[PDB]
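Written out below as structure tokens is the structure these notes cover.
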Amino acid sequence: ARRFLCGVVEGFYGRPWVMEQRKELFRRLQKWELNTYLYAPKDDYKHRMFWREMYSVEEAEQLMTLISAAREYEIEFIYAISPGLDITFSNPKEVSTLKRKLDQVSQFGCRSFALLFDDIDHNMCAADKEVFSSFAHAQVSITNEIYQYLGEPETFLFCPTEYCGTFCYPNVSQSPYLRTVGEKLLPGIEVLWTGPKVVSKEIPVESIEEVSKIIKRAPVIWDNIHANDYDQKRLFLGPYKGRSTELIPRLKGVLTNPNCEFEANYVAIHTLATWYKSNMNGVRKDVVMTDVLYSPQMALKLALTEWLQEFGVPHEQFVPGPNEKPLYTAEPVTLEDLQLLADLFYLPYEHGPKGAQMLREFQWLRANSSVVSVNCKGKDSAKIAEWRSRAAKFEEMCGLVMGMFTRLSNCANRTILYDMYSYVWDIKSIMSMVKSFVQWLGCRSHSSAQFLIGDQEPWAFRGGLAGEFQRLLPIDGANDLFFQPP
Amino acid sequence: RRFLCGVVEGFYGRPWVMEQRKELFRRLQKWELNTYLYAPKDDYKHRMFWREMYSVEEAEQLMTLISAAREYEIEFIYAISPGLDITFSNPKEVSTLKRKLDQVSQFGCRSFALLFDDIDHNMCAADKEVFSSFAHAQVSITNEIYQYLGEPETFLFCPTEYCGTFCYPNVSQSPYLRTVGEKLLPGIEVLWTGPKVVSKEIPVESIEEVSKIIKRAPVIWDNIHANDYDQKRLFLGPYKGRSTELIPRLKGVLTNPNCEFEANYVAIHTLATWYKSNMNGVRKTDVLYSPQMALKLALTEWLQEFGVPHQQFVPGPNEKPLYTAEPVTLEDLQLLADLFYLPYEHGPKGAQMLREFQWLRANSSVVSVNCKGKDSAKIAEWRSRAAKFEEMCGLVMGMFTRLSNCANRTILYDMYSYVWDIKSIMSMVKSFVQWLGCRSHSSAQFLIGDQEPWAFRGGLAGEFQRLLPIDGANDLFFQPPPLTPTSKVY
């Protein structure tokens, strides 16, 4: 019986989700007892780049249908807006534009709102510097004014420029900016925080205790963990991890900002749910000495067993004799399938256990390929027995990557595979070649040729040029490599 | 004089939609091409489950597509692939093949193809008791269907050995291809992808040789600009590799493009330029077609597709200036295509962009420590080149920024993954050059945020890629240790 915003924020750069997805997202948030959606796609011209522009007629059609579906499924809908690059804070025509706009969205029927000054510039126009002491004074000034103008609504969020640890000048505890915000932002307005980093691997309890104290209020975490709009493109099907259930009593909310690809955000949200549900009634426990619950590996196993249900089933008749060619058949996705997929495409900072192992083993076999190579007669009869045994469980395990792909690709409704096809087709491709290499390594004693695959050696082109460049950036070590014979 | 030029939709992966298939027809006609071949590998009723009749919702849509093709003056060819689980000897099986082609013939299809590509040579026992060979079976049934349909104008056969590499023991004396030649009814045309799957170039004798054993001229299935096989590259380069010479040695050309629908602009436009270049010729490096030229005519036309760049308040002269989106330009599209050129060679711009970066890297030594024998031709060579480089790393970021501030983002979003990764590494590369060039203002490690994200080799598949065998050259570069230790003990 305490208010807590927990859900999803669509806040990434890239081609935004469309309606029948958002409509699904709401079904899902509801089913798993979460309660909030933040609308803040970086690619909606009208949300940020071109904020002054009022929504179109066709646009108002779409926007209102959303807000109803949201209200239908018991999900608090928040409209967000980012004037920053463009805006001139002091000139009051500017402020009027902003109020008009949010009144249009108010009209479409949204009740809760949000301003963000995220990823903008530190510097004001001279015009504004003549009115305002600080950059922060500026933001707070008009944030407050809008807050009141819309009649001090229950839910209202402000995302500061300094939105995580590594972004406060000079440090969290004495940032003149975060002070001003803390002091002068109105008390009903909540603050968004992405943790100690932008994409924060862990969110220490003492982190939150610090930033809480300077902004005079327990923040709402915008959590960029499973987000994938930053570097090279990767996919994160791993669980919610790195935040203690202890955080929950010290927070007004957690809103996960995940993978651009929509269908990849099942586990990302499902586990966030389990995490919240686990300790939503806990009391502040004094864990930083200053005055059975939740397992990522379990929450994952639940989510994947449940995910299975959305992959759905795979695809007089003809019946071939016992010497006729046997009918193509489609098998279902297994659980073990998803469990491998999640481990291959896990979290930004580590792989999952099934994936970690395939590497360790490949890496062993590579570093021991010499033990079978004519060489010192036998040198050892049981060092060999091991490498051969150990090679053939690796051959077999590659096997299950190839199967994982086929069962996903035959399962009759391909909307989930298709939404992440590139990602899955890359790993399965490369494993095909890695299996073929380990085989070649078993046979290189009575040949001295080179490892080739239909004469092409194609793993060299992966990424094309994008990749050629990245492969020149600095590496620690060249103990590995395995050069090739001419 | 009747010659099949156009597009085959023949790729592994998610098929093109009705709405895109109509626009392909508009563009084919605009550019005066004539043919379309329906062979999407993912349509369950095309290959895997070929013996299921189309439902009414599906029948409805394929009638509409066929009508479309009629409206835009395009030959529509319905292919079918029964090679995975067919039992050749059994007649219920040939019945079914017939009934399925009859279903499609009533949707108003005039022309047809049978495909036996990307399968193994291994027949079942019942069949080995009846046909002399895999060819013999493939041929018996194809002839029988072709006839059953009243020997249509246009009927295609894709062989299992559909290129040089795939032949055994080799093109000239394959027993598979010998039999196709001898026994495949003369009326039927045969597909062929060149000497490889993705043929870098298609020499004229290569065609003379295959032409001889199949005893006809082939229609080329061209995988040059396809990415079905490797979904980490995109191919915005020009048709090239194939002499205008072989236009009279062929019966047609059907390109198999990128899976992404909107990357196939240059790839078709330049193909059409090439066909026109010599529609009417006789028998007996390439004087009528220049890729460099045909590429530029294509980029110039593609640009009007990208549309216009989005956009009563005025800022004071001391107030905060307005946002301003900028137009995409032609040096933008020229750089894009040059970064995403062809399967076997980069664009000259991209190719330079790299050569420069690898030089700067190799002569880092000179700017690492102090100054000694560091001339014009030592240091202030580097300093110069390094800033000429830095500026063009800049230009990449431009073309992304401007592509993503179009009013109509369709063309971008269809290639987002590819164009994003290129700009994100260029960014990451520029910062390296900077650090190289002032390793004496301190002596850090090279870092971003405060770790190194390029090291995640874009995924787990990435960390496996690096452990496969390596050139032995394009020499490495190493990150120095943290320098700052934490123990008394050595």
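Scheme for the structure tokens: letters A, B, ... for chains in order shown; per-chain residue numbers from 1; ligand numbers from 1 in order shown.
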**Study point:** residue 156 in chain A surroundings by only C-alpha atoms, 6 Å radius, close-in-sequence under 4 positions cut, as a PyMOL selection string
**Key:** chain A and resi 112-114+189
Take the residues just selected and output them with N, CA and C atoms as an mmCIF file, in the first residue's frame.
data_model
loop_
_atom_site.group_PDB
_atom_site.id
_atom_site.type_symbol
_atom_site.label_atom_id
_atom_site.label_comp_id
_atom_site.auth_asym_id
_atom_site.auth_seq_id
_atom_site.Cartn_x
_atom_site.Cartn_y
_atom_site.Cartn_z
ATOM 1 N N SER A 112 -0.665 11.918 -16.696
ATOM 2 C CA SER A 112 0.676 11.931 -16.071
ATOM 3 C C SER A 112 1.715 12.356 -17.118
ATOM 4 N N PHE A 113 2.793 13.047 -16.709
ATOM 5 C CA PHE A 113 3.691 13.754 -17.674
ATOM 6 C C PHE A 113 5.157 13.779 -17.219
ATOM 7 N N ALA A 114 6.042 14.293 -18.089
ATOM 8 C CA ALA A 114 7.481 14.195 -17.888
ATOM 9 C C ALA A 114 8.253 15.103 -18.856
ATOM 10 N N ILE A 189 7.353 16.478 -7.822
ATOM 11 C CA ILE A 189 8.085 16.098 -9.040
ATOM 12 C C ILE A 189 9.181 15.080 -8.665
#
Practice item. Extract, using only C-alpha atoms, all DNA, RNA and protein residues at most 6 Å from residue 46 in chain B, discarding same-chain residues fewer than 3 positions from it, and format them as a VMD selection string. Key: chain B and resid 43 50 80
For the selection you just gave me, I'd like the residues written to a file as a PDB file, in the first residue's frame, keeping N, CA, C and O atoms.
ATOM      1  N   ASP B  43       8.772 -19.431 -47.758  1.00  0.00           N
ATOM      2  CA  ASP B  43       7.308 -19.636 -47.900  1.00  0.00           C
ATOM      3  C   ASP B  43       7.057 -21.127 -47.728  1.00  0.00           C
ATOM      4  O   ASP B  43       7.502 -21.930 -48.546  1.00  0.00           O
ATOM      5  N   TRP B  50       5.658 -28.234 -49.772  1.00  0.00           N
ATOM      6  CA  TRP B  50       5.245 -27.930 -51.134  1.00  0.00           C
ATOM      7  C   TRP B  50       3.929 -28.605 -51.525  1.00  0.00           C
ATOM      8  O   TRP B  50       3.347 -28.233 -52.548  1.00  0.00           O
ATOM      9  N   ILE B  80       8.582 -23.894 -57.771  1.00  0.00           N
ATOM     10  CA  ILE B  80       8.323 -24.783 -56.636  1.00  0.00           C
ATOM     11  C   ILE B  80       9.537 -25.683 -56.387  1.00  0.00           C
ATOM     12  O   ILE B  80      10.199 -26.054 -57.330  1.00  0.00           O
TER      13      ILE B  80
END
Residue list for chain A near chain B as a PDB file with C-alpha atoms, in the first residue's frame, 7 Å, only C-alpha atoms:
ATOM      1  CA  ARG A  15      12.640   2.741 -35.286  1.00  0.00           C
ATOM      2  CA  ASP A  86      16.555  24.150 -29.297  1.00  0.00           C
ATOM      3  CA  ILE A  87      14.827  25.983 -26.445  1.00  0.00           C
ATOM      4  CA  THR A  88      15.433  29.524 -25.125  1.00  0.00           C
ATOM      5  CA  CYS A 125      22.383  31.355 -24.916  1.00  0.00           C
ATOM      6  CA  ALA A 126      23.699  34.677 -23.537  1.00  0.00           C
ATOM      7  CA  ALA A 127      20.028  35.833 -23.429  1.00  0.00           C
ATOM      8  CA  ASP A 231      27.703   0.728 -29.254  1.00  0.00           C
ATOM      9  CA  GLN A 232      27.865  -2.079 -31.718  1.00  0.00           C
ATOM     10  CA  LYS A 233      24.599  -3.850 -31.842  1.00  0.00           C
ATOM     11  CA  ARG A 234      24.075  -6.765 -29.471  1.00  0.00           C
ATOM     12  CA  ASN A 323      11.836 -47.421 -48.656  1.00  0.00           C
ATOM     13  CA  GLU A 324      10.301 -44.149 -49.896  1.00  0.00           C
ATOM     14  CA  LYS A 325      11.792 -40.775 -48.851  1.00  0.00           C
ATOM     15  CA  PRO A 326      10.539 -39.739 -45.412  1.00  0.00           C
ATOM     16  CA  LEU A 327       8.498 -36.581 -44.945  1.00  0.00           C
ATOM     17  CA  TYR A 328      10.122 -33.362 -43.906  1.00  0.00           C
ATOM     18  CA  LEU A 344      24.427 -17.064 -26.105  1.00  0.00           C
ATOM     19  CA  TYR A 418      12.158 -12.727 -37.494  1.00  0.00           C
ATOM     20  CA  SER A 422      20.280 -11.243 -38.097  1.00  0.00           C
ATOM     21  CA  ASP A 426      25.338 -14.808 -37.263  1.00  0.00           C
ATOM     22  CA  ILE A 427      26.144 -17.116 -34.293  1.00  0.00           C
ATOM     23  CA  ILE A 430      30.050 -18.888 -37.178  1.00  0.00           C
ATOM     24  CA  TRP A 459      34.722 -15.912 -41.442  1.00  0.00           C
ATOM     25  CA  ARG A 462      32.247 -10.851 -40.895  1.00  0.00           C
ATOM     26  CA  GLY A 463      31.002  -7.253 -40.339  1.00  0.00           C
ATOM     27  CA  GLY A 464      32.405  -6.323 -43.746  1.00  0.00           C
ATOM     28  CA  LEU A 465      34.215  -3.018 -43.553  1.00  0.00           C
ATOM     29  CA  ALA A 466      32.600  -1.926 -40.277  1.00  0.00           C
ATOM     30  CA  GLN A 470      37.130  -2.694 -35.378  1.00  0.00           C
ATOM     31  CA  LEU A 472      42.492  -3.138 -35.766  1.00  0.00           C
ATOM     32  CA  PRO A 474      43.914  -2.309 -29.606  1.00  0.00           C
ATOM     33  CA  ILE A 475      44.004  -5.849 -28.069  1.00  0.00           C
ATOM     34  CA  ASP A 476      45.605  -7.127 -24.830  1.00  0.00           C
ATOM     35  CA  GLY A 477      47.490 -10.347 -25.797  1.00  0.00           C
ATOM     36  CA  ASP A 480      45.657 -17.020 -29.006  1.00  0.00           C
ATOM     37  CA  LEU A 481      45.169 -16.164 -32.700  1.00  0.00           C
ATOM     38  CA  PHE A 482      46.245 -19.493 -34.299  1.00  0.00           C
ATOM     39  CA  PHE A 483      47.959 -18.213 -37.457  1.00  0.00           C
ATOM     40  CA  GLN A 484      47.360 -20.168 -40.707  1.00  0.00           C
TER      41      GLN A 484
END
Review point. Can you tell me, as a PyMOL selection string, what residues are no more than 12 Å from residue 162 in chain A when counting only C-alpha atoms, ignoring any on the same chain fewer than 4 positions away?
Key: chain A and resi 116-122+135-136+158+166-172+175-181+191-198+211+215
For the selection just defined, write its residues with N, CA and C atoms to a file, as a compact mmCIF listing (two decimals), in the first residue's frame.
# COMPACT_ATOMS: atom_id res chain seq x y z
N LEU A 116 12.43 15.91 -19.93
CA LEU A 116 13.81 15.41 -19.83
C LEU A 116 14.80 16.41 -20.44
N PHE A 117 15.87 16.62 -19.68
CA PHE A 117 16.99 17.41 -20.13
C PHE A 117 18.18 16.47 -20.23
N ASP A 118 17.98 15.34 -20.92
CA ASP A 118 18.96 14.27 -21.02
C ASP A 118 19.74 14.46 -22.33
N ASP A 119 21.07 14.35 -22.25
CA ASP A 119 21.97 14.33 -23.43
C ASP A 119 21.91 15.67 -24.19
N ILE A 120 21.79 16.78 -23.46
CA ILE A 120 21.81 18.11 -24.08
C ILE A 120 23.17 18.77 -23.78
N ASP A 121 23.27 20.07 -24.06
CA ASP A 121 24.48 20.85 -23.89
C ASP A 121 24.46 21.62 -22.55
N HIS A 122 25.64 21.81 -21.94
CA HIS A 122 25.82 22.51 -20.64
C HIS A 122 25.50 24.01 -20.74
N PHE A 135 22.72 26.64 -15.14
CA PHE A 135 21.99 25.80 -16.07
C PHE A 135 20.82 25.12 -15.35
N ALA A 136 21.05 24.65 -14.12
CA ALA A 136 20.04 23.90 -13.35
C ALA A 136 18.88 24.82 -12.96
N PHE A 158 11.08 14.41 -13.95
CA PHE A 158 12.15 15.27 -14.45
C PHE A 158 13.43 14.42 -14.55
N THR A 166 28.87 9.06 -13.25
CA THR A 166 30.01 9.49 -14.06
C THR A 166 29.70 10.81 -14.80
N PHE A 167 28.48 11.37 -14.64
CA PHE A 167 27.99 12.58 -15.38
C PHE A 167 27.78 13.77 -14.44
N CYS A 168 28.10 13.64 -13.15
CA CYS A 168 27.98 14.78 -12.22
C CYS A 168 29.34 15.47 -12.08
N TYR A 169 29.34 16.81 -12.22
CA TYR A 169 30.55 17.61 -12.10
C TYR A 169 30.59 18.32 -10.75
N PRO A 170 31.63 18.03 -9.94
CA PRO A 170 32.72 17.09 -10.23
C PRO A 170 32.51 15.65 -9.73
N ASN A 171 31.66 15.47 -8.71
CA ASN A 171 31.24 14.19 -8.20
C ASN A 171 29.80 14.33 -7.67
N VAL A 172 29.12 13.20 -7.45
CA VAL A 172 27.69 13.16 -7.14
C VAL A 172 27.39 14.10 -5.97
N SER A 175 27.86 18.14 -6.49
CA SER A 175 27.53 18.72 -7.81
C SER A 175 26.65 19.94 -7.59
N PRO A 176 27.07 21.14 -8.06
CA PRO A 176 26.30 22.35 -7.80
C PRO A 176 24.93 22.21 -8.49
N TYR A 177 24.93 21.52 -9.65
CA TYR A 177 23.74 21.27 -10.47
C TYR A 177 22.72 20.42 -9.69
N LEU A 178 23.16 19.27 -9.20
CA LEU A 178 22.24 18.37 -8.57
C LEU A 178 21.75 18.96 -7.25
N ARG A 179 22.54 19.88 -6.67
CA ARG A 179 22.14 20.56 -5.44
C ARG A 179 20.89 21.40 -5.75
N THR A 180 21.03 22.29 -6.75
CA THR A 180 20.00 23.24 -7.17
C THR A 180 18.69 22.49 -7.41
N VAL A 181 18.77 21.47 -8.27
CA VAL A 181 17.68 20.54 -8.56
C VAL A 181 17.05 20.09 -7.24
N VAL A 191 12.55 12.42 -9.67
CA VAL A 191 13.79 12.46 -10.44
C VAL A 191 14.17 11.05 -10.93
N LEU A 192 14.57 11.02 -12.20
CA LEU A 192 15.04 9.85 -12.89
C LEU A 192 16.57 9.79 -12.79
N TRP A 193 17.08 8.58 -12.54
CA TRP A 193 18.50 8.28 -12.28
C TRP A 193 18.85 6.94 -12.96
N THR A 194 19.96 6.87 -13.73
CA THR A 194 20.30 5.61 -14.44
C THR A 194 21.34 4.80 -13.67
N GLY A 195 21.66 5.24 -12.44
CA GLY A 195 22.59 4.56 -11.53
C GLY A 195 23.95 5.25 -11.48
N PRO A 196 25.03 4.53 -11.08
CA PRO A 196 26.38 5.10 -11.06
C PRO A 196 27.02 5.33 -12.44
N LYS A 197 26.56 4.60 -13.46
CA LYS A 197 27.00 4.80 -14.84
C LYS A 197 25.76 5.04 -15.70
N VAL A 198 25.94 5.17 -17.02
CA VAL A 198 24.81 5.30 -17.94
C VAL A 198 24.13 3.93 -18.10
N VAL A 211 22.89 9.71 -3.81
CA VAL A 211 22.15 10.59 -4.72
C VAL A 211 20.80 10.97 -4.11
N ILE A 215 19.34 15.18 -3.71
CA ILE A 215 18.15 15.59 -4.46
C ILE A 215 16.92 15.56 -3.53
